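Asker: would you be able to build a 3D model of this:
(chains A and B)
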Amino acid sequence: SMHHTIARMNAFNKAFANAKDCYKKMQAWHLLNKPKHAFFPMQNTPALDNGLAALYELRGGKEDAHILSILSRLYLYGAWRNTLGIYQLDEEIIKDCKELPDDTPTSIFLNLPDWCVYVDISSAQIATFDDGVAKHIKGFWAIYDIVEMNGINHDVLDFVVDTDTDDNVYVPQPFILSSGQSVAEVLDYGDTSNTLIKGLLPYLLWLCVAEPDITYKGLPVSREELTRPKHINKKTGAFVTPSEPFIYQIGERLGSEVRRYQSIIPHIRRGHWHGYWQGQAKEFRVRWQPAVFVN
Amino acid sequence: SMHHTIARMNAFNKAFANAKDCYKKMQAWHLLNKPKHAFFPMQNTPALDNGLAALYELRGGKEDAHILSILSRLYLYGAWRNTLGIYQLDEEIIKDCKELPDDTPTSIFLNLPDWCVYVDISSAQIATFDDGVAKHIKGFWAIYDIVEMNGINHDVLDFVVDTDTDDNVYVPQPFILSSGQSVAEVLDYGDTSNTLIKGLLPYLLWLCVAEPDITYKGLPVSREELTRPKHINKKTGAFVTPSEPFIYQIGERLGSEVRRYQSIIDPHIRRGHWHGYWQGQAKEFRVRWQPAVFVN
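Answerer: Numbering: from 1, shown residues only, chains lettered A, B, ... in the order given. The protein structure is shown below:
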């Protein structure tokens, strides 16, 4: 079957007929500017379509839900349509991804493989509120952004929640990274959004660490393999985009190992992230600590 | 209007006709044993009703959902009906209660005023899963329990989620306090349940700290007042139970200042948070609320 994300993206592309032209504009901007991490800034989305810019210029247009939905979606799909990476977390790893080492640097989240990735965490049974209603979080997109605040561009990681519903709120939730501070400092000093983000970072960390457990159709994908540069027509400048999503498993091998322990039935000590230091010119390391089997 | 918790409790008391007798048995047990914190242990609920005990003895009775629900509800309501304390958190404070310090002792959660309290956190917009469905957490009960694990008694705080739904899962989620350890240790080191509980602890802390903001119908209720001994008919041994809930506000005064600052702004507000610290040998703990401040 077609993934519900792809079906909703296609339906949006039909219902907003200018979407493909907007994606073409975004590509042009990216080729012009060549940003270090993002594909196209959320800030520039109003400029992409003149009718949307006009409606957005009306009083209350900057707080309209439908218009921000379309703009957020243009930003999201414009970055994501170039790779269509879907990463499904193994349930045994879901139940063990709970937190990050509190001293974790924001810089580590600059290590994502693409401009935008989709992460499937449905087994985590996390919910949220598109206000007025509680909904199951099927997954989320992580997508880079460039935000100019008081004269300076800032590296931001935006999170877009996917509840697989018609009225899904696609508005991104930002998480600043352009500082030498830690996750706790950005998140915990400076909140609904922050709480949500703080829950999603342990899952996203798999696409940032040096030693992940990523497989494609059962074959291991190394970190070098994941980062291996993709090949934009060099004589035409056009973008080539996938016709189907690329669906990976994260932590399947690990899960498989855990599933063997449970089959035996004397106890399992679950895995977790583990992080530490490396006085001056210090460094960070985070590695997964696998579940171990005792007695 | 009648609070939904009370309506569901009455409907349960009607649908399970032996409930009141079971509550009387619990009272007798309490008077015999006089535990330090709990009213009646979850462990003894199968013994309360013979038909339920018989169905519980069947293969798969132990894991049956309906039975477990009845037992859970007897345990919950038997303690809670003696006080009917409902504590509603103020919107401005709910929003600033996010976590505790990891160092926070488990012992501090022995400071609750009743055997069982209900906390209304509707505005926190927290959700959960009665499996297959996502639901809004309207509130939760915190209720003490006493559990023998491997031959020894243990002090436990149980959490019961309230989603205000017919098929609500009333099964308690335990949290051990007998250790002398900290929240982070008991929880994180040792999880779905643990995660939920971790989220709930910041709200429950208001009923444990030395300087809370609790008001009843606009009147301050001090910690000494809250903790004052209640009056069991001394000649008869009967329990007297409230006919209506006692509804308190937590953080209403605090919220009012915060509202005030917003009014002026309509300059910034630094939000409040819990703040904790130490007090080398024979050390002690302190937690206090840090209020929101107005800047510029």
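Asker: how about the strands in the stretch 151-295 of chain A?
Answerer: A:152-162, A:173-176, A:214-216, A:219-221, A:246-250, A:267-269, A:272-277, A:284-289, A:292-294 (DSSP state E, counting those that start in this stretch).
Asker: redo those as CSV? Include distance to residue B:192 and mean neighbour count.
Answerer: No exception for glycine: its C-beta is placed from N, CA and C like everyone else's. Formatted as CSV, the strands of the stretch 151-295 of chain A follow (distance: least, CB to CB, whole Å; neighbours: other CB atoms under 10 Å in any protein chain shown):
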stretch, distance to residue B:192, mean neighbour count
strand A:152-162, 20, 19
strand A:173-176, 23, 18
strand A:214-216, 25, 17
strand A:219-221, 29, 13
strand A:246-250, 20, 19
strand A:267-269, 16, 12
strand A:272-277, 15, 15
strand A:284-289, 20, 15
strand A:292-294, 21, 11
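Asker: would you format the ones you listed as a markdown table with distance to residue B:54 included?
Answerer: A markdown table is the format used below for the strands of the stretch 151-295 of chain A (distance: least, CB to CB, whole Å):
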| stretch | distance to residue B:54 |
| --- | --- |
| strand A:152-162 | 48 |
| strand A:173-176 | 53 |
| strand A:214-216 | 51 |
| strand A:219-221 | 55 |
| strand A:246-250 | 47 |
| strand A:267-269 | 33 |
| strand A:272-277 | 43 |
| strand A:284-289 | 47 |
| strand A:292-294 | 38 |
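Asker: make a markdown table from those and add distance to chain B to it.
Answerer: Putting the strands of the stretch 151-295 of chain A into a markdown table (distance: least, CB to the nearest CB, whole Å) gives the following:
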| stretch | distance to chain B |
| --- | --- |
| strand A:152-162 | 12 |
| strand A:173-176 | 14 |
| strand A:214-216 | 24 |
| strand A:219-221 | 28 |
| strand A:246-250 | 19 |
| strand A:267-269 | 8 |
| strand A:272-277 | 9 |
| strand A:284-289 | 13 |
| strand A:292-294 | 13 |
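Asker: out of those strands, flag the one nearest residue A:91.
Answerer: Nearest to residue A:91, of all the strands of the stretch 151-295 of chain A, is strand A:246-250, at 11.0 Å by CB to CB.
Asker: flag every residue of the stretch 51-200 of chain A that's near chain B.
Answerer: Neighbours of chain B within the stretch 51-200 of chain A, by CB under 8 Å from any CB of the partner chain: A:95-96, A:98-99, A:125, A:127-129, A:131, A:134-136, A:190-192, A:195.
Asker: switch the cut-off to 10 Å
Answerer: Residues of the stretch 51-200 of chain A lying near chain B by CB under 10 Å from any CB of the partner chain: A:95-96, A:98-99, A:102, A:124-129, A:131-137, A:163, A:187-192, A:194-195, A:198-199.
Asker: can you say which of those residues are buried?
Answerer: Those of these that meet the buried threshold are A:95-96, A:98-99, A:124-129, A:134-137, A:163, A:187, A:198-199, by 16 or more other CB atoms under 10 Å in any protein chain shown.
Asker: from these, which land in helices?
Answerer: A:187, A:198, A:199 (DSSP state H).
Asker: what about the helices in the stretch 51-200 of chain A?
Answerer: Here the stretch 51-200 of chain A has its helices, by DSSP state H, counting those that start in this stretch, at A:65-80, A:91-94, A:183-188, A:192-204.
Asker: which of those sits closest to residue A:157?
Answerer: For these, the distance to residue A:157 is smallest for helix A:192-204, at 8.4 Å, taking CB to CB.
Asker: list the contacts of the most centrally placed residue in chain A.
Answerer: Nearest to the mean C-alpha position of chain A, counting by CA atoms, centre = their mean, stands residue A:142 at 1.6 Å. Contact analysis of residue A:142 by CB atoms under 10 Å, 6 or more residues apart in numbering or on different chains lists A:87, A:109, A:112, A:114-119, A:157-160, A:172, A:175, A:197, A:200-201, A:203-204, A:207-208.
Asker: could you redo the last one with a cut-off of 6 Å?
Answerer: Shown in contact with residue A:142 (CB atoms under 6 Å, 6 or more residues apart in numbering or on different chains): A:117, A:204.
Asker: roughly how far apart are it and chain B?
Answerer: The gap separating residue A:142 from chain B is 21 Å, by CB to the nearest CB, to the nearest Å.
Asker: so that residue bridges to which residues?
Answerer: residue A:117, residue A:159 (DSSP bridges).
Asker: residue A:128 too?
Answerer: In beta-bridge terms (that is, DSSP bridges), residue A:128 pairs with residue A:135.
Asker: which ones are touching the residue in the stretch 51-200 of chain A that chain B sits nearest to?
Answerer: Going by CB to the nearest CB, chain B is nearest to residue A:127 of the stretch 51-200 of chain A, at 3.4 Å. Counting by CB under 6 Å, 6+ apart, residue A:127 makes contact with A:134, A:136, B:127, B:134.
Asker: so what's the second one closest to, chain neighbours aside?
Answerer: The one in question is residue A:136. residue B:134 (4.7 Å; CB to CB, 6 or more residues apart in numbering or on different chains).
Asker: tell me the residue furthest from the middle of chain A?
Answerer: Outermost residue of chain A (CA atoms, centre = their mean): residue A:295, 39.0 Å.
Asker: from what I can see that one touches residue A:265, true?
Answerer: No. The criterion here is CB atoms under 6 Å, and residue A:295 misses it with residue A:265 at 11.1 Å.
Asker: right, and residue A:42 touches residue A:74 too?
Answerer: No. Under the criterion of CB under 6 Å, residue A:42 makes no contact with residue A:74, lying 9.4 Å away.
Asker: those two: who's more crowded?
Answerer: residue A:74 (27 against 21; other CB atoms under 10 Å in any protein chain shown).
Asker: the more buried one reaches residue A:45, doesn't it?
Answerer: Yes. Under the criterion of CB under 6 Å, residue A:74 makes contact with residue A:45 at 5.4 Å.
Asker: run a quick neighbour tally on residue A:66.
Answerer: 8.
Asker: and stretch A:155-175, how far apart are its ends?
Answerer: Using CA to CA, to the nearest Å, the end-to-end distance of stretch A:155-175 comes to 9 Å.
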